[PDB]
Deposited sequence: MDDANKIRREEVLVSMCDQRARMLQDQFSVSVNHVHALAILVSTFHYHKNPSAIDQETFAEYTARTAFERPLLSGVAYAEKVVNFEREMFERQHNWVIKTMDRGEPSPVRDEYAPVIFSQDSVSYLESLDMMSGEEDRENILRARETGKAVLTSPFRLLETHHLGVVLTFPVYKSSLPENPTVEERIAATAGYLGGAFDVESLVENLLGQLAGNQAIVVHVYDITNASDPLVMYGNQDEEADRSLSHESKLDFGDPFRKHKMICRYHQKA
């Protein structure tokens, strides 16, 4: 103690706040660029007739703009397909809609969200029905009903098994009315532009290399349910902490960063 204790607190606050700012900013930049991609698919795939976007073009553009989406492992576009359209859709694409868990031909469902365009980094998503995973399905529904960006809870991503969160933006047909109801949004839905925030790897890359990292313990929690906080980043451990604010841009979810010293 004691003047040194005060300085120690001031360092913790500064360190934590800066990390939180860095993470919030990189998230925001990624979300904004994903929004632009949703707009691109709408403009080029739906407003233009015939469509003037395809897998080759989507892959090239997304590869070349990967720098615009720093915390994302990849982006993809899933198209809305209702069951009566499935035969026609599968014949057009020359593949069958598959389940996420086993890659098996999808059983009949009322509707599906198969990935038709993908960044090569997530090429394994192609033809998978994004509604066949619960976190993804919930995201898709809330995206299309709200008309805005949505985030999942943290969960382990396909292929890598890295802990992350999925971001989804809805893409609508031009038949969407102005000031639409939710019912109108659903009817006008074309598909879903998604991005995978690979927190486990890419947030570790962001924060783990920073000076002072060995002196502090950093966690990011999804606190959407205050009684059931979910680890998004950091270890599973349950005196002096500091809470730094995070806002990842989906009002349905809440997050915070907590930092502590080791000793």
| query | finding |
| --- | --- |
| Deposited residues without C-alpha coordinates, grouped into stretches that follow sequence order | 1, 240-243, 269-270 |
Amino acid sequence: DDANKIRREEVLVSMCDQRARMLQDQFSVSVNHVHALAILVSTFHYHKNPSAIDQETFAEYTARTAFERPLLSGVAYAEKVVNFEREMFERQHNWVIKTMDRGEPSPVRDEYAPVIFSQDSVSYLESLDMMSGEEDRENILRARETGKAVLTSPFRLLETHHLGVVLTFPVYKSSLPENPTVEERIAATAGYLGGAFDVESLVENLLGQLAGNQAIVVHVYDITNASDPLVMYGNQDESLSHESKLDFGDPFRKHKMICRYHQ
From here on, numbers count along this sequence of modelled residues.
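Just so we're on the same page, rigid core means the largest C-alpha set that superposes within 1.5 Å between forms.
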| property | result |
| --- | --- |
| Stretch farther from the shown model on average in 6 other deposited structures of this protein, with CA RMS computed after core superposition (221-229, 45-53) | 45-53 |
| Third-or-more of other entries without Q236 | yes |
| Between 51-59 and 210-218 (mean CA B-factor, as deposited), the higher | 210-218 |
| Stretch exceeding the other in mean C-alpha B-factor - 94-102, 74-82 | 94-102 |
| Of the residues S153, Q119, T181, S127, the one carrying the largest Cα B-factor as recorded | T181 |
| Residue with maximal Cα B-factor (values as given in the PDB entry) among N205, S42, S28, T65 | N205 |
| Chain-wide C-alpha B factor ranking for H161, given as lowest, middle or highest third | highest |
| B-factor third for the C-alpha atom of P170 within its chain | lowest |
| B-factor third for the C-alpha atom of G147 within its chain | middle |
| CA B-factor ranking of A36, expressed as a third of its chain | lowest |
| Among modelled residues of the same chain, the CA temperature factor third for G195 | middle |
